Structures are given as structure tokens and as C-alpha cells.
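Chemist: Everything below, folded, please.
(chains A, B, C, D, E, F and G)
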Amino acid sequence: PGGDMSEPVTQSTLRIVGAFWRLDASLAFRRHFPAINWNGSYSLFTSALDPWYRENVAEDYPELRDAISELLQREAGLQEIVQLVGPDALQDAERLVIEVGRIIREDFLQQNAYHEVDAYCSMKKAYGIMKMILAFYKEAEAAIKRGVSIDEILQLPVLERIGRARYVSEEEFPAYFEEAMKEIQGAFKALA
Amino acid sequence: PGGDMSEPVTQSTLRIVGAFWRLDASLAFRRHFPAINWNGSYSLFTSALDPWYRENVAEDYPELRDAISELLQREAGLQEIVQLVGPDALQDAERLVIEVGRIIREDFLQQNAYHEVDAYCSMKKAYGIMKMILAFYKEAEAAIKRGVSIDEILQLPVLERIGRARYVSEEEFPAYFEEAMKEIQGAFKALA
Amino acid sequence: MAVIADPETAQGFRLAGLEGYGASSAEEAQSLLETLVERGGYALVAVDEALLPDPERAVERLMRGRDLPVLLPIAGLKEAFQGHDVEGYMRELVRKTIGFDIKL
Amino acid sequence: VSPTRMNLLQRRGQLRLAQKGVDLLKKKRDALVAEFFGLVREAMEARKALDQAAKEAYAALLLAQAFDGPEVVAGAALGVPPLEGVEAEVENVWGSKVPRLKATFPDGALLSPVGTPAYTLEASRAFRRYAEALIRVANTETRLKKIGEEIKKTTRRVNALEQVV
Amino acid sequence: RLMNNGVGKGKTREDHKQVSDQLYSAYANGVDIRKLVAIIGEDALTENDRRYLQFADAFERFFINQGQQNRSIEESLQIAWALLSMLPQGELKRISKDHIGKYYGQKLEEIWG
Amino acid sequence: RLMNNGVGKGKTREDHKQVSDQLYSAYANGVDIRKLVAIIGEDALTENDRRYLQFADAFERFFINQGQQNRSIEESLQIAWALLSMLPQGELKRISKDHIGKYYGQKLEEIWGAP
Amino acid sequence: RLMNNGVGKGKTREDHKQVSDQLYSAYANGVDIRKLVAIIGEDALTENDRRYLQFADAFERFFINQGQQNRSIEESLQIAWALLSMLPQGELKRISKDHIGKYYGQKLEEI
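Modeler: Numbers count the residues shown, from 1 in each chain, chains lettered A, B, ... in the order given. Pasting the structure now:
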């Protein structure tokens, strides 16, 4: 009642369930769906499900998931400073984290329920998307370590492939991902 | 609960007690004992108690007490500018008041409960220490106004005796006090 | 570049490739420095302290938004023999800057 | 604000962030003060060297106009062309870009390399070093005044928080 | 909630849904940038930030404020596209390429002066 | 709250209390610097600050994050001293000189030389 | 609220009401000048703001801070006139023009 997460039914439910998926209004206003609050949700089933993932998705699925979780947490930590000084006052090493958090948010988390192909997403598709986001981020951090400005990194046109990947069909996806990985590699090794 | 003086118990108490002795952990963190904060504390019995002081301690005890309170007040009202730039960057008068404030709160306020002589102190002993410090500060103010640097002053030998006056017994204190006053007088002539 | 100073030093500035001139008054200096900073093909102009101590009060209105021409007070012809009180200047500077008189 | 327990928690979190922002701003301002005082010393040093370099050029121009021809000096003035290659490099100072002067200043290839003037020939050399001292003083004082502006900015922000928010 | 039952092809127009949510995204951005200006001042902004600020303002003053006139749906979508054309074509990330190609680029002065 | 009455010689190794206090102070400083270095950048930090930064990082990666290991008290004090060895001697203003002479200088060997 | 009935001609001295109003108004802007100088620099100053800060301080130190003494109405009014007299005319745009000359002379020198 009243969006109040402290009423007795919600609390009585917290102490029983295994996972907890918290919806927030601010995302729903933005028309950004599913609108799952990341900071307030949890799950107690991950560690017990890791053998299944290693055997059925990919041998390093748990590590990719953990790296994405760590990046989201670090960006959440930076948001506190972004709020009091403005986002242009950060160093480039942190603007990069802010931008990759924005990318993770609007290119991986978001999902179109009325689209004909984005409605259902297999798990190897999610693996591929996570893998190429992390590859891009690692390369971009390396390139910042070499004096490249944060602005031309945001203009690299492989971000279009990354942001469009989720609209590719489940049978058309492996070829797309194999092309995109080497295109990402070339986005930085070729500039030198 | 968490140190908030606004709860009803504390408010109900402070309306009917006559004195508040504010112990504080930040002082015992920097090795100040007893850890009574001299800024938040207060009392309401001083005016009523003045006659007994004049007749049993000394005819000027109240004025020395107010003078020490005033030195501490000024030294407190000066700390922010000391935090901003540091002690060495200040004037000669501000340096002098910082030094004399340190001397007060390290040779008069501070008291060692386990020392078999500093565990207790009379009223006349405390009056003697206050008078010693006020005399020294008057001399030093005259000197730096005259043209001596605070550095000759900080290394004066009379300091290690004005700061050692706590651990003298209650019988050997009148003699120690009179000869220390004569020494304070002497070191000034060398400044004249 | 440009310097608003005594024409006898102005020729020396010309020897240093720097056009200079002057007429020994604050008002005329402020008048023609308007053109000088409008015809500001250089990045810095100098003015003695005796013409007017602070060029900011003068060019601040016309240099608004623009930063290239830096303006500073420079020793004068009296200082050519006497000198200057450097530390008093720095100290009255830090006074207004960090709020108080320090480093004493 | 709608009064709910959830709102109370949110506001308390806001208060905590406000205090933990105030202290961070304070640390930044302390670093700025350290940098500023480190600059003030070299600033007054450049001012010192400029003062001791102005006397030299002044004295060299003095007798060159009187004890040499009172006209050869103006002839040298009309002789040498002006200098304009004073293109500046924009410079980063704590999240801001300020001008830094890199005047090219050619000396040797100009007209009349050696010739007749007796004291003028060398008095023209002194104003070179006078200009260098000028540009050093300018380059240090622009940075000093910039850092000062940043300090007053941050203290304004700290006061804003601690007194209103 | 029932909005998706009655829009789209075979109904109002095929670009209705995507125009709607693109407007939502751009307006949300404008409002957040207002919240930032309230702290770091308008001069400190970038260029795309000023474009979003301008979008929010013109949106409020031309698309919301109609005042007793009766607008058909085509007029409404026309105004929406004229307002969307302020943003760079590469930022309309919720609209497809063809709808962009055949509706982008109208100016507000043309609909009315 | 009772910690002080259960440590020291005869109960544990006698450097326990001061090592505890020193670890606390170092971690606090590291966290504050880690926040500031986002708006200043590491290049504008003094040297002791970069020391504290690296210390806090290694602290939460070797001391806290221990996994399912069963550490004795001696292994824990070893790791604490090997972490404190990052800061320059003389910065450890809580500890007394005897213990600093006795245990300083070790480097991270065991936590990566063993599981 | 009931002040306007109890003061003035025949009840107190004649100038009481206008003196009180001008005193309030003069203390009002001194405080806000002190508020603006508190954040922006005191470099951006004018000639009369100095007058007003000085007035605010002498006010708080002589008019308000009366210690334990017992002041009759006449000498309170005299102290108030003394504190006003260190502001030029035209700044005293609230008092009428006859006693603005009748009482303006004496300055704070009497303590």
C-alpha cells in the first residue's frame, strides 16, 4: 500500500522467499522495462546453480556474471560523487565506468516485450552479449592508459553493433557475435 | 541510543540538573584524560559559589578562572584557520595563543588518575598552576610585542617546570610555586 | 606585443619587437587600451603600477568572456632606481584569495 | 514529501550522503591550498628575478640614449620590426583550461645583425631578457589566480551545503 | 495500460508506438539535465545537454500547451516529429531506420510560425 | 567491546592490540583517499596517499576475502604484518618500536605461496 | 501588536514611533549585508554598506547589551538617536524632517 516496502505483508514475505525482484517507479516512468531495481533485488540461488551453468552454458559463465555485478556495483558507488560534483568533473577512468554502466543498462538489461524477437532471449545469447560488452570495456580501459580521449571512444561505431545485438534472432546470432568480437578487437588494434 | 541528546530522557534531565560534564571519546582517542569536553560542558553553580572561593582560595580566584576560560575560548575559535593552512603559517599573536592553549590543556586540564601524586589536586594547587600560566602568558605577550620571536620562547627552560608542576606534592607545592614564579620573572628580564 | 608605458621604454620594447606607448594618466590609458584590446593581436599587455594599480577594473568590462590578453602591473620608472615591495603585494593578494593574512 | 517509513529511510540516506560529500569537498580544498602555497613561493621568486632584470635593461637603455646619440636610439626603434608570434598553448589546471604563453621570439636572423650602434646594440639585448621575465611572471600569476578562484569556488560549495542543505 | 491494443498498423499509424516512447526517453533526459543545471549552472553544460534542455522546454511549450484547440492524430504526430528533429538523427535509438528516413527533418516553423 | 581483556601476552601474541588499531587507521585513510582520487586523479596525490590506496586494495583482497580457508591466529597476524609492510615504517604511529623491529619487513609470500 | 496605542505624544516623547521604525529598518539591512559578505567577498562593497555594518555592530554592542543597568525611556531614546546619527541623512528616510534635525546632533561619544 502506497509503494511502502515496509508494510507487514512485504516484510513477512522477505523472510521466506528465495529470490526477490523489486520493481521501482522511476524506471517505469522512463518507459524503461522490465524496470527491475538492481540495487534492491537479490537472489540466494546463484552459488548452487553454478555447476549447471558451467556444464550447459559456458565454462566461465560465473566469472562473467561476477564481473558484470562488480561493474554495476562500482558505477553505483561512483554515482554518489557524480551527484554532488557533476559528471564532467570525474577523471576519464571513471567517466568510462559511468558510460559502460549506461551501456550495460540500456543494451543488456533492457528488453522489449512487444518486439517479435527481443521477447524471448536464450541463455547463450545473454552469454555472448555479456562477453562482448566486457571485451569492449577492457580494451577501452587499455586505450585510456595510452592517452586516448574518452570522447572519441564514445564515437566508435562498434557501439552500434553492441547496442543492436539484442535484436538478432536466435539462429542468426552466433555469426553476428563472431563478427562482432573481431570487429571490437580491430576497433582498437587497428588504430594503434 | 546513538548519542542523540534530543531523546526525552536527556531533555527531561537537563532541565533539572545543575551541571553537565560531557565525556567524549574523541578526546580519549588522542590520549586526553579525563576526557571531558570543555566546549559542550557547563555549570550553573559558579556565581553562587564565588564568595566561598574568595574567602577560602584567593581574593582573585574568579578572575583567573574566567581568564583561563577566555583563553580556551579564543583558542577554540581559532582552530579552523589552523586546519586550513597549518600552525607555522600564522602570525605571532595567533601562534602564541595556540601555544598557550596547548599548555593549558596539557598541563592543567589533563590529570593522571594512576599517578600517586597527580591523582588528586587541591584548590590552592590548581590556583597556583592557573596563576603561573597567566603570568607566563602576560610576559610572552609583552615580549613578542617587543620583538622576540616565538621560537626563543618555546625553548625557554621555564616551560619544563611549569609543565612539571602537577607531580609535586601538596607540601612541596608552595615552595615550588614561589620559586617558579621568580624564575618566570627572571626569564622575562632576559627578554627585556 | 603591447605595453602601455613611458615612450622612452617603449622604444626599447620596440627593440624587443614590442610596440609600446603611453601618455602618463589612468584615464587616457584606459581609453586607448580599449582599442588596444580590440586590436589585440597579441596575448599580453603590460602596464606600470603607477598608471593604475589594477587593469581588471578597466578591461574587465570589454574582455568579458575572452581570456587571451593577460594584464599585469609592472615596475615603473620610480622603481627603476628604488625597487619594489614584493612580499607586501603577494600578501595582500593571498589575503583576498584565501580570506586572511597568512605566512607571517 | 509523502510521509512513509520508506521516505524516512530515503531522507536519512540523503543526509548521510550530504555529510559524506561535505567532508570530501573539504579534503579537495585542502589539496588545493597545498598546491596554491607551493605556487606562491615560485611566483614571488619569478617576481624577484623580474625585478632584478628590469634594472639591468633600464640602465642599459639609460646611457644609450644620453651618452650615445639621442637619435640613434629612435633610429633603432624605427629599425627593428615588431614581434607577434606569441601564440599560446591552452593549459589544464584542475578541470579548467587556461592560456600559457609560448611566444616564439626569434632573435638572431633579424635585420642588422651587427653594425654601428655602440650602447644601443647591447641595450636591445637587455629588453629581450626583460620580455622573458615578463612572460614568466605572467605564466605563473595566471595559474596562481586560477587556483585561487577554484579555492573560493569550493569553499562557496561547502558553505552552501553545510548551511542550507 | 490498454494503449497497445489500439495503435499501430491497421490503426492510427505504424510509427505511433515508437514515436511515443522516444518522446518519453528524450523528455526524461531533459528533466534530469534540469536537475543537474540546478547544481552546476547552465554555462558548465555540454552541447548535447543543451540540446536536451531545449527539447524539454519546447516540448512543454508546444506539444503540451494547446489550449482548447482540437488536434487530429496526424497533427499530433506531425508536431511530435518536428520536435524530435531537434535531436541528432543518431540519438533516436528507439525508432527504426525507415520511420526515421521517411519522417525525420520537419521544422516547427513550418507547422506554424 | 570486551576485546582488550582477551588479548596480549599470556592470552595471544603481545602485538595483537596495536596491530589491530593500526590496521583500522590505515584502512580508514585508504577508503577516504579512494574516494578523493576520483575527482583529483592519482597523479595529483602525494606519495603516502598512493601507499594508502594500494594498502586498502590489498587489504580487502587478502585479509577480508579469505574464502573457505581456516586461518589460525598466527597466519592472520602474519598476513596483517605483511600488509602493514606496504606503508613506510614510521607511518605506523600506533605500534611501538620493538614490534616494528621484530615483525616488519615480511612481504606477501604465504597467501599466494599457499592456498 | 498593541504598541501603536501606547506610545507617542502625551504618552511618551513624540518621536518614539518613527525612531523605532527607522531603528528596525536600519538594523534589518545591516544583517543582510553581513549575510552576503559572508559568502561572496567583502571586496564587492559600497560606501554605505560600511556605514551599515558599523551600525549593526555598534547596535548589538550598545543598544542590546545593557548588562544589569536600569535605563529610563529617555536615555534609551538618546542612545537610539546616537546610534542613528552615525548614518547620513537620506539614509534616515523614515523619520520626519523636524526632529531629524532636533535630535540628530549628539553622537555615540557619550558612553
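Chemist: Report the separation between residue A:139 and chain D.
Modeler: 26 Å (CB to the nearest CB, to the nearest Å). Bear in mind the C-beta positions are built from the backbone N, C-alpha and C, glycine included.
Chemist: surely residue C:2 meets residue C:36?
Modeler: Yes: shown here, residue C:2 and residue C:36 form a contact pair, counting by CB atoms under 8 Å, at 5.6 Å.
Chemist: Neighbour count: the two, which is higher?
Modeler: The neighbour count for residue C:2 versus residue C:36, taken as other CB atoms under 10 Å in any protein chain shown, is higher for residue C:2 (24 against 20).
Chemist: before we move on, back to that, anything in contact with each of residue C:2 and residue C:36?
Modeler: Residues within reach of residue C:2 and of residue C:36 at once, by CB atoms under 8 Å, 6 or more residues apart in numbering or on different chains, are residue C:45.
Chemist: burial measure for the residue of chain D found nearest chain B, as a count.
Modeler: Across chain D, no residue is closer to chain B than residue D:33, which sits at 6.4 Å (CB to the nearest CB). By the measure other CB under 10 Å, the count of residues near residue D:33 is 19.
Chemist: for the one 3 residues further on, same thing?
Modeler: Residue D:36 is surrounded by 21 other residues when neighbours are defined as other CB under 10 Å.
Chemist: Which elements pack onto the lengthiest helix in chain A?
Modeler: In chain A, taking DSSP state H as the definition, the longest helix is helix A:61-85. Helix A:61-85 is packed against helix A:50-56, helix A:92-104, helix A:123-144, helix D:5-66, helix F:16-40, with contacts defined by 3 or more CB pairs under 8 Å, 6 or more residues apart in numbering or on different chains; DSSP states H and E.
Chemist: near chain B, anything from the last one?
Modeler: What that stands for is helix F:16-40. No: judged by CB under 8 Å from any CB of the partner chain, helix F:16-40 makes no contact with chain B; its nearest approach is 10.1 Å.
Chemist: Mind checking if that helix is in reach of chain D?
Modeler: Yes: contact of helix F:16-40 with chain D (CB under 8 Å from any CB) involves F:32, F:35-36, F:39-40.
Chemist: out of those, who's nearest residue F:114?
Modeler: Residue F:114 lies nearest to residue F:32 out of the residues of helix F:16-40 next to chain D, by CB to CB, at 32.8 Å.
Chemist: Please give me every residue in contact with the closest one.
Modeler: By CB under 8 Å, 6+ apart, the neighbours of residue F:32 are residue D:27.
Chemist: Over to residue D:105?
Modeler: C:17, D:83, D:85, D:128, D:131-132.
Chemist: Kindly list the main-chain dihedrals of it?
Modeler: Taking degrees, to the nearest 10, you get phi 60, psi 70 for the backbone angles of residue D:105.
Chemist: ok so, going back, give me the distance between the residue of chain D closest to chain B and residue D:152.
Modeler: Computed with CB to CB, to the nearest Å, the distance linking residue D:33 and residue D:152 is 11 Å.
Chemist: and if you look at residue A:120?
Modeler: 58 Å.
Chemist: neighbour count winner among the two?
Modeler: Between residue A:120 and residue D:152, residue D:152 has the larger neighbour count (other CB under 10 Å), namely 17 against 11.
Chemist: Isn't that one up against residue C:97?
Modeler: Yes: Residue D:152 lies in contact with residue C:97 (CB under 8 Å); the separation is 7.3 Å.
Chemist: Tell me how many other residues crowd residue A:36.
Modeler: With other CB under 10 Å as criterion, residue A:36 counts 14.
Chemist: Next up, the contacts around it.
Modeler: A:21-24, A:27, A:109.
Chemist: how does it look with 7 Å?
Modeler: Residues in contact with residue A:36 (CB atoms under 7 Å, 6 or more residues apart in numbering or on different chains) are A:21-23.
Chemist: The closest residue to chain B within chain C - how many residues pack around it?
Modeler: Nearest residue of chain C to chain B, counting by CB to the nearest CB: residue C:104, 4.5 Å away. Applying other CB under 10 Å, we find 11 residues neighbouring residue C:104.
Chemist: For it, list the residues it contacts.
Modeler: residue B:91.
Chemist: Just want to check the distance between it and residue B:94.
Modeler: From residue C:104 over to residue B:94 (counting by CB to CB), the distance is 9 Å.
Chemist: Can you pull the phi/psi pair for the closest residue to chain G within chain E?
Modeler: Going by CB to the nearest CB, chain G is nearest to residue E:41 of chain E, at 15.3 Å. The phi/psi pair for residue E:41 (degrees, to the nearest 10) reads phi 70, psi 150.
Chemist: try residue D:99
Modeler: Torsion angles, degrees, to the nearest 10, at residue D:99: phi -80, psi 140.
Chemist: List the beta-bridge partners for the closest residue in space to it that isn't next to it in sequence.
Modeler: The shortest distance from residue D:99 to any non-neighbouring residue, by CB to CB, 6 or more residues apart in numbering or on different chains, is to residue D:88 (4.5 Å). Residues in a beta bridge with residue D:88, per DSSP bridges, are residue D:101.
Chemist: Residue D:88: neighbour count?
Modeler: Neighbours of residue D:88 using other CB under 10 Å come to 18.
Chemist: Is it in contact with residue D:102, as I believe?
Modeler: Yes: counting by CB atoms under 7 Å, residue D:88 does reach residue D:102; the two are 6.3 Å apart.
Chemist: Point me to the residue of chain A nearest chain F.
Modeler: residue A:91 (4.6 Å).
Chemist: Just list the residues touching residue D:64, thanks.
Modeler: D:73, D:119-120, D:123.
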